[PDB]
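Below is one structure, written out as structure tokens, with a few remarks after it.
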Amino acid sequence: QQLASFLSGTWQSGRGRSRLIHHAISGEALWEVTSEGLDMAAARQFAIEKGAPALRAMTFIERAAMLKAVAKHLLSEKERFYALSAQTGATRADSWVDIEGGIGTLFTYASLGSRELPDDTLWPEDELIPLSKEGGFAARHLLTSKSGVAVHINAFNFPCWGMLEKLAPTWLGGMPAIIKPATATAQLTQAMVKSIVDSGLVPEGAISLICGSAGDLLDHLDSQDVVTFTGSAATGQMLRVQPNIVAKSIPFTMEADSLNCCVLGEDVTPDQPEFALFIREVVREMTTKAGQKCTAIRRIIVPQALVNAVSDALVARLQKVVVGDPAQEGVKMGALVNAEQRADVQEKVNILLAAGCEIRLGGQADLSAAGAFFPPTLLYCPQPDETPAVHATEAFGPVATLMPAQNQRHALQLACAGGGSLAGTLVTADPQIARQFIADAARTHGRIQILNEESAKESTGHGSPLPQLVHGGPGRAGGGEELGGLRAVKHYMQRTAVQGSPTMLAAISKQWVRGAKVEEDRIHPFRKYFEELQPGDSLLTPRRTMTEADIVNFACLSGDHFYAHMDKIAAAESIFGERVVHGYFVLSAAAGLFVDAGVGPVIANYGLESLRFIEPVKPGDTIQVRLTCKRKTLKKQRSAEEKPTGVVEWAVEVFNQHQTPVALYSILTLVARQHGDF
Amino acid sequence: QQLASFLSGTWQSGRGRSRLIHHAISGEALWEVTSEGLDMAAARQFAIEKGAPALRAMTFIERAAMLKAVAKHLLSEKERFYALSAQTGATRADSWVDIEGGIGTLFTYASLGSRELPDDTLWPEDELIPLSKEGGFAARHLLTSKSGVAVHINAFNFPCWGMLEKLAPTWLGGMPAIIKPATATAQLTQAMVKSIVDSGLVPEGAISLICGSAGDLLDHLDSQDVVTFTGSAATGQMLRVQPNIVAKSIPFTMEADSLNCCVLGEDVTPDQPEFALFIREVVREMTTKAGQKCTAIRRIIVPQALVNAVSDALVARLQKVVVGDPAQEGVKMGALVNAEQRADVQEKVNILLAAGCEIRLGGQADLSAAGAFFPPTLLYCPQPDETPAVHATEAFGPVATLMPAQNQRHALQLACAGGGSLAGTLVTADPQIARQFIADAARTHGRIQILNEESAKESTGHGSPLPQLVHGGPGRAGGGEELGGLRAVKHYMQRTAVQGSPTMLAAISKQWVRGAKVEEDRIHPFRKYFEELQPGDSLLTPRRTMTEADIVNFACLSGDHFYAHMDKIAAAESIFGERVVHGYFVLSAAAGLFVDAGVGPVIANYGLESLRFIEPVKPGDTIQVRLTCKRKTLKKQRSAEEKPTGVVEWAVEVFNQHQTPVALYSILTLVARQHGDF
Amino acid sequence: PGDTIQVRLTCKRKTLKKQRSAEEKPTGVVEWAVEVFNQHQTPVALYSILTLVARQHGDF
């Protein structure tokens, strides 16, 4: 039964050398996978010529909506993916974390994209940077989608989450994706790809899949392509030195095997709840996914005195875990994905034992059984500082080593001795211990969780990588970063400093910037609908003279009698030298000047972005307000009856009678739209 | 005369194979450089053991102050550097751009560090990310200094700017630097290093210099080290595939040769000022530094009709440039740095001519003269789309090629055909042309300037890389990024997502976060000095009942009679369903509730960071304010008489009678300090 | 209290004023009818205001 790969817009399979996908439980070969003789250059060309322009033509809002629609479509058909994930030897809980994590990642990226990405094909990331005394020359940073292709090479650990976690920012960045999943679990990935292709929610060529060898795809890539890799250190190190990749300076991101630690604080004792939740956390991370998650705990660092206690409390809890076929009731842990994986894990355990380690709970597995089952294994290292192999060798299975520490600094040294890790946990109740541990060991771990009684109530766990947080680490972990929210998007884009006149930068950004040309229409901007508004549509308001009465009345009404406003004697000795107008009164008076009272397209204010008071305002000063449309962001209608609205940001500039700016800030608004989009 | 290298805290030179530094004008060998037999592992160990902890112990404010002090010290001794830069064959203008650019970079990084980096050894980059319904589990990103060493390998182009542009963010990131300058101009770099070492403003081992070969330093590096490279593509590609670098996943940044373009818009005509300033820009970039700056213009893309005009206007302007010894009056352009450089430039010119190019102004140089002089050269390509060598070969000298374009899209294709560039210029007056050009060609250029009449008045130039903007580009440009303001700092740090209870994250960050434990002292927080304040010091204010009178009075005083507040009929048909209290009145009433009136440590408000109105406030609702100290930032005294002040950020949470948060924002304040620091 | 007022302002009459000199600002008298209604559209106030409005073109 050939596993088809989707490339050049067609489902096709290769001929020649084939690799077998076996059922993890049954042991029967149920797929064979090959891509020999398929034209990889044609696949790349197809993705570039039509997928990439179609994605680039879409705005970020449209791409976020496409992600949301794809997330809903995939969620509707989750049962198929559950059935196919059962073939990988994962329980319902493991399939839940994989599939729902993937779909949750898509939802989260869609929400983030909708909330805080521009309604444009270009992304101005920062505010204008002044570079001249007159303000005739400035610059700002843009992010533009790369015109090439993103090549994602995934591991077998998360066939579905591992795809969508890279696919969501790749698509949100406007880049077509070619996905090369790990062979061992490729059959699952294909199914989701099929769904997406059959959804008709994506442009043609926006997604391609290669089942089997990548052939010579990496030899056909150019400067505008990117490569992401997850798997063994050796394979990624081989790919990093690819002559074509190094010649064209192609961005290459690698995530590799990591020795994730779990440090027990010296403040905790067996009587504390911290002890119990530490044992529970370690066992959960060891047993979930048969410890085949890249964030599973491999090293357990505990105080010397506590060792003999912990070694008991784990084993008993680790004894209750039942390893078997997840279909039958009473199994809480499945099997590994492959017999080859089991042999590898056994080899790693044997290496650790040969390098001075003691079995606390069984490390020998049956290397003749049809199922790829491995018993929960706990090892012990009496000399952690004299055994380097415990800090270099990791078993990609339900295997962890516990080691003693002293004086809370030896623990930090042992945590840092990993040579770089993806995740770390410290279990403590003392804030100072947490501070010291982070300050000394965050440089070697990409994620650290401080687990206490308060956190454990709703903690998503040590091993679950959330889409709002970075997934990566230095050194042995590979040196990549992923899933850092919008950070990930910026890996599929080119950052360009654009210099020039503010007017030119405003036109380039399709956002008004300080010092740019404005349009005054003689129609008040708040009376215009979202569609009639343009960035640069501006109003110069009537003036208002600030009086001593204004200071007194605002201080009375607000209750703020701060000495700088209401005490002459003290204000004489202040930096200003006399009593001044309240900053918030300047803001309030400005609002009075520019706001149109009538019922209109403006729905709500709801926001104020970045307020600085530059110059004091004195009685007898006269303020004037320039109100300019800065940025427009359409909001997709969540239903059919909802009022079609858009987010409009307005730059407000408040000047005095000398035209010197006294207040500069931005307000957010909701403006009603004439035309909806269901 | 041996050129000493500063490593292991000592000035020392090597023995054996030596390379000669010649005077660019005279041609006499005046230095010889060698580092054979010097212990590179000892240098690395020395930098790591004492330089790195000493830098890491310092806060960002202290490190910014160290940068500022070093900048002032270097500026005091600039004449020595001018005299030594004269030996490199650079004019006073070129030496000015190099030395003052370097010192300006140091000043700018110091200012940026002082303004917007925390008063701590850790850097929380973002706001708290909620990850639970109760708010018991959250996460935020920290940046921590790497414990290793930064190895900077620089080019001969900017011996001093090229060092300081990397040194300023490396030190601001808390990382020791080992600098390997290009041999050809190493004598200049050494001098500045000497000054720094002799300043006593830096910790011991915070800076090392290697003059000559790097030996086997790259074989001794670990996961916590970083490498930056500038120079030829071949050398950087060789370094990228170093077995030790690829094994330990050591961050490697490369900047390589780029074919910087200058596109002339189709809207411009010879009668327009745009034409003149285009000619002036192209000639300036060609002639400055004898075109040895990495951002010099190499390709000139002009409309077909304009070609014969431009080809004339350039040549005449290019004829007036006098090439000779800069010491004698009437030379506006110096020589190249080396005879080897001259031979290389001549070889590249000959390659271009062999690949179908025509001389418009002389390309043949005297390869027997003592001085490394090269005449200003202008070439012409009749078939730009049929000659690939014009889009791959660059001459690192005063050489540029002009080529025709058509229909404004062929120009964009030719600009993108460079395969990635550091800088690009478009000369135009039409905003739509600028928009199209950016939208289609920003993905292949790291910096683009739109040059018009308005910009040219104070434009710093096409070739000058400013410290607030990114310096880098994809593909042929190397794929690095540098000088992106604080972005650069983050390349020398590890980004770690820290998860846990808000209380633990507040302790870890030394900044109060939403939902964390607070301290109520029964002393009002505004009455405490900066030193007595702690993040988490909080006050729960008295309550104030919002009334219809309050709405009317605030609308009257401010002048804002928006229908949502002052019209019952319209407010009935709004989303809220009845008239509500002004958001700014909620803000003003909150200020009245928490502000202490008395003369005290609080000096000014000056700021409001991020305001969102979550829930409407109705008449008969009662508001209460929780005011908490969020972040403290000490300000270094610029003089001895200045009042010692610090920036304190306060989180303000305004609730209604149901304890539901109606306003969440942050205010900035200046708080006086008891103890100054001169 | 609790009534909501709305105002219709309409130009009622225009009366040009002859310039007495050459430097005087050319102005005209404009009368405006003001109608103030409540939420039931029942008129609660009816009156006229006088105004001086500047002219673009004078007549010496």
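Every chain in the structure tokens takes a letter, A first, then B, and so on in the order presented; its residues are numbered from 1, and the ligands are numbered from 1 following the presented order.
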Notebook entry, point to check: Got a sec: who's within 8 Å of region 487-497 of chain A, counting only C-alpha atoms, leaving out chain neighbours fewer than 2 positions off, as a ChimeraX atom specification?
Noted result: /A:139-146,150,169-170,172-175,226,481-485,499 /B:442-448,469-470,474
**Study point:** Distance query region 274-283 of chain B at most 8 Å, only C-alpha atoms, self and fewer than 5 positions along chain excluded, as JSON, numbers by chain
**Key:** {"B": [262, 264, 268, 269, 297, 310, 313, 314, 317, 318, 427, 428, 429, 451, 452, 453, 456, 461, 462]}
Please measure the separation of CA of residue 221 (chain B) and CA of residue 244 (chain B), giving the value in Å to one decimal.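 A separation of 7.5 Å between them.
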Contacts of residue 10 (chain C) at 12 Å (only C-alpha atoms; same-chain gap of 4+ positions) as a ChimeraX atom specification: /C:14,30-36,46-50
Closest atom pairs, chain C residues within 8 Å of chain B, only C-alpha atoms, as a Markdown table:
```
| residue | atom | partner | partner_atom | distance |
| --- | --- | --- | --- | --- |
| C:2 | CA | B:568 | CA | 7.9 |
| C:4 | CA | B:567 | CA | 6.9 |
| C:39 | CA | B:569 | CA | 7.7 |
```
Residue with the minimum atom-to-atom distance to residue 404 (chain B), picked from B:338, B:534, B:553, B:311 with only C-alpha atoms counted, is B:311
Contacts of region 198-212 of chain B at 9 Å or less, counting only C-alpha atoms, minus same-chain residues fewer than 4 places along, as a PyMOL selection string?
chain B and resi 3-9+13-14+18-19+33-36+40+43-44+46-52+54-55+66-67+69-70+73-74+167+171+175-183+186-187+189-190+193-194
Nearest to chain B, restricted to only C-alpha atoms and choosing among A:11, A:156, A:563, A:380, comes out as A:563
If you count only C-alpha atoms, which residues fall within 10 Å of residue 337 (chain A), apart from same-chain ones fewer than 6 positions away, as a ChimeraX atom specification? /A:21-25,27,87-90,156-157,184-185,289-290,292,371-373
For this session: as a PyMOL selection string, please: all residues of region 128-164 of chain B that backbone DSSP puts in strand (DSSP E).
Result: chain B and resi 129-130+138-145+150-153
| Near region 502-517 of chain A, counting only C-alpha atoms, which residues have an atom at most 7 Å away, once you skip same-chain residues fewer than 4 positions from it, shown as a PyMOL selection string? | (chain A and resi 124+128+135-138+535-536+629-631) or (chain B and resi 431+434-435)
Extract the full set of alpha helix (DSSP H) residues from region 205-298 of chain B according to DSSP on the backbone, and format it as a ChimeraX atom specification. /B:233-240,243-247,273-287
Take the residues from that selection and put them in a file with C-alpha atoms, as a compact mmCIF listing (two decimals), in the first residue's frame.
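And here's selection05.txt as it stands now:
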```txt
# COMPACT_ATOMS: atom_id res chain seq x y z
CA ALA B 233 32.49 34.90 1.00
CA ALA B 234 34.99 32.01 0.64
CA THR B 235 36.66 32.54 4.06
CA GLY B 236 33.28 32.86 5.85
CA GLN B 237 31.88 29.76 4.07
CA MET B 238 35.05 27.87 5.16
CA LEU B 239 34.52 29.07 8.77
CA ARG B 240 30.78 28.14 8.75
CA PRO B 243 33.76 20.85 12.55
CA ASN B 244 33.92 22.24 16.12
CA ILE B 245 31.52 25.14 15.30
CA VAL B 246 28.97 22.81 13.65
CA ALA B 247 29.31 20.16 16.44
CA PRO B 273 16.69 68.12 -8.88
CA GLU B 274 16.35 64.32 -8.38
CA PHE B 275 18.68 63.77 -11.39
CA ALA B 276 21.45 65.97 -9.91
CA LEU B 277 21.27 64.45 -6.39
CA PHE B 278 21.25 60.92 -7.95
CA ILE B 279 24.50 61.71 -9.85
CA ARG B 280 25.99 63.29 -6.68
CA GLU B 281 24.96 60.26 -4.53
CA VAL B 282 26.37 57.68 -7.00
CA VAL B 283 29.68 59.60 -7.34
CA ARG B 284 29.99 60.14 -3.54
CA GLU B 285 29.42 56.42 -2.84
CA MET B 286 31.83 55.43 -5.61
CA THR B 287 34.60 57.79 -4.42
```
Fill in: Counting only C-alpha atoms, the option among B:639, B:657, B:547, B:610 closest to chain A
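Of B:639, B:657, B:547, B:610, the one nearest chain A is B:610, counting only C-alpha atoms.
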Taking into account only C-alpha atoms, which residue in the set B:85, B:558, B:377, B:368 is nearest to residue 402 (chain B)?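 Distance minimum relative to residue 402 (chain B) lands on B:377.
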Leaving out residue 576 (chain B) and any residue of its chain fewer than 4 positions from it, which residues lie within 9 Å of it when counting only C-alpha atoms, given as a PDB file with C-alpha atoms, in the first residue's frame?
```pdb
ATOM      1  CA  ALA B 564     -21.820  57.336  24.555  1.00  0.00           C
ATOM      2  CA  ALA B 571     -26.471  55.253  24.212  1.00  0.00           C
ATOM      3  CA  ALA B 572     -29.577  53.003  24.475  1.00  0.00           C
ATOM      4  CA  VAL B 580     -21.152  55.219  30.524  1.00  0.00           C
ATOM      5  CA  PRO B 616     -17.521  49.984  30.712  1.00  0.00           C
TER       6      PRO B 616
END
```
